[PDB]
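Reminder, nothing fancy here: chain letters follow the sequence lines and each chain counts from 1.
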Amino acid sequence: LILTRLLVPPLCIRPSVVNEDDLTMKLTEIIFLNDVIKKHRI
Amino acid sequence: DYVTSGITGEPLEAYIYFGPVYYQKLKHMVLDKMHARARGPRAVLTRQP
Amino acid sequence: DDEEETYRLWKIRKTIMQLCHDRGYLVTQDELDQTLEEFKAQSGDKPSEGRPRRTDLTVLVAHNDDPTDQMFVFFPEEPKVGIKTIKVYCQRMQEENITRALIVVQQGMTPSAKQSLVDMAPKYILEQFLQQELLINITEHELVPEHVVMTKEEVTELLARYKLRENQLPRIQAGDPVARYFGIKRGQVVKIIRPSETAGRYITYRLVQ
DNA sequence: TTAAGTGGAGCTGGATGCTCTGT
DNA sequence: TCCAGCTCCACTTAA
RNA sequence: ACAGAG
């Protein structure tokens, strides 16, 4: 129930010209904040 | 008015009301509304018309 | 008042007699037809009349199954009955070796007493009735059909005729007024005779659950 | 005196018609 | 804009 | 996002 890993859907779930779908921009922000947290620990 | 039938040539029994009434043509025309699809283009996300 | 109070003690007693008769307890023809002006003879107006222990019933034996299967009806006088009064009625019931009783409360019952009736014993089962429910025999109400508690040998034909399991029948709750009236328990089936718009009848069935 | 079961009051989250026809 | 569940809190009984 | 039509 507690998510330590997350699937990202196939590209046909979220087509390249909506340009990118809102799911794709949320997944960018998750990846960015994962880099922010990892750096601030160091 | 006393009106004669154009089909049979015999007169009509009832008198028919005759006059000029203003009539306005509306923008809704069947040529701009007839539509048919056999098969055709589809959406990218859901592969339905 | 006093005219109105005796009227209740006659109508309540009259309904309890019909309730005991419909459950299949031995009730005599003069108990069911006890008239108001005849009620005034054994117990009269309110100073002479006693509510807690004069109008009690115990003559009711289950004359079908066995004359030792017997049941009380009790009429408490305190509007909210505590566990003390329940324990009083329970030990009297313990002495007589009677296993069923009806308690007819006047306004209500306190929550800790209500919990006791669930767990005092499975072999000592007591049913709360409010007297405001007994002033009108619901089995004679025009919207209530005839209910008939089916025998196990008839339930086994119902389930054979349609090739059903029990849990596919429609349900009736044990908290239903007409389920309480007949005192039925989980896993009994009631036949219900609905009246048609015509002279005919439609028969339906329900499962207590 | 207090442990506890149940009333009454406020907070929260859900829902509100079917399509084409254009800018 | 209207309406069921969930939780907090006073209010008697009971030991 | 707004206007229409039935």
Exercise for the section: Determine, for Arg92(C) against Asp56(C), whether the closest basic-nitrogen to carboxylate-oxygen distance falls under 4.0 angstrom. Expected result: yes
Problem - Rounded interatomic separation in angstrom, taking NE2 from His28(B) and P from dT19(D) - result: 20 Å
Problem - Whether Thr35(C) side chain and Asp33(C) backbone form a donor-acceptor pair below 3.5 Å - result: yes
Fill in the blank from the handout: In whole angstroms, the gap separating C1' of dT12(E) from CD of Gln115(C) amounts to 17 Å
Practice task
Just compare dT21(D), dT13(E), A5(F) and give me whichever is closest to any side-chain atom of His35(B).
Solution key: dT21(D)
Exercise for the section: Go through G4(F), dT13(E), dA14(E) for me and flag the one nearest to the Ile83(C) side chain. Expected result: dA14(E)
Practice task
Sticking with atom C1', work out how far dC18(D) lies from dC2(E), rounded to a whole angstrom.
Solution key: 23 Å
Problem - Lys80(C) NZ to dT12(E) P, straight-line distance once rounded to whole Å - result: 10 Å
Fill in the blank from the handout: Here the distance between atom P of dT6(D) and atom CE of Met109(C), to the nearest Å, is 14 Å
Practice task
Would you check if the side chain of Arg206(C) reaches a backbone N or O of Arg171(C) as a donor-acceptor pair within less than 3.5 Å?
Solution key: yes
Handout entry: Gap between atoms CD and P, on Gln107(C) and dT13(E) respectively (whole Å)
Key = 13 Å
Handout entry: Whole-Å distance separating the CE atom of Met29(B) from the P atom of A5(F)
Key = 15 Å
Exercise for the section: Identify whether the distance between the nearest side-chain nitrogen and carboxylate oxygen of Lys40(C) and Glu37(C) falls below 4.0 Å. Expected result: yes
Problem - Side chain of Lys33(B) - closest among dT13(E), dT21(D), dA15(E) - result: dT21(D)
Problem - Partner nucleotide of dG17(D) by Watson-Crick or wobble geometry (both distances under 3.5 Å) - result: none
Fill in the blank from the handout: Sign check on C1'-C2'-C3'-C4' at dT21(D) (positive = north, negative = south) puts the sugar north
Problem - For atom CG of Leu26(B) and atom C1' of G6(F), their distance in whole Å - result: 13 Å
Problem - Integer angstrom distance from the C1' of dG17(D) to that of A5(F) - result: 16 Å
Fill in the blank from the handout: Rounded to whole Å, NZ of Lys27(B) lies from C1' of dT21(D) at a distance of 7 Å
Practice task
State the sugar conformation of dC18(D) as north or south, using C1'-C2'-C3'-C4' as the deciding torsion.
Solution key: north
Side-chain donor-acceptor contacts of residues 33-42 of chain A below 3.5 Å, not counting sequence neighbours, with atom names and distances?
unit_1   : atom_1 : unit_2   : atom_2 : d
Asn34(A) : ND2    : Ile30(A) : O      : 2.5
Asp35(A) : OD1    : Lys38(A) : NZ     : 3.0

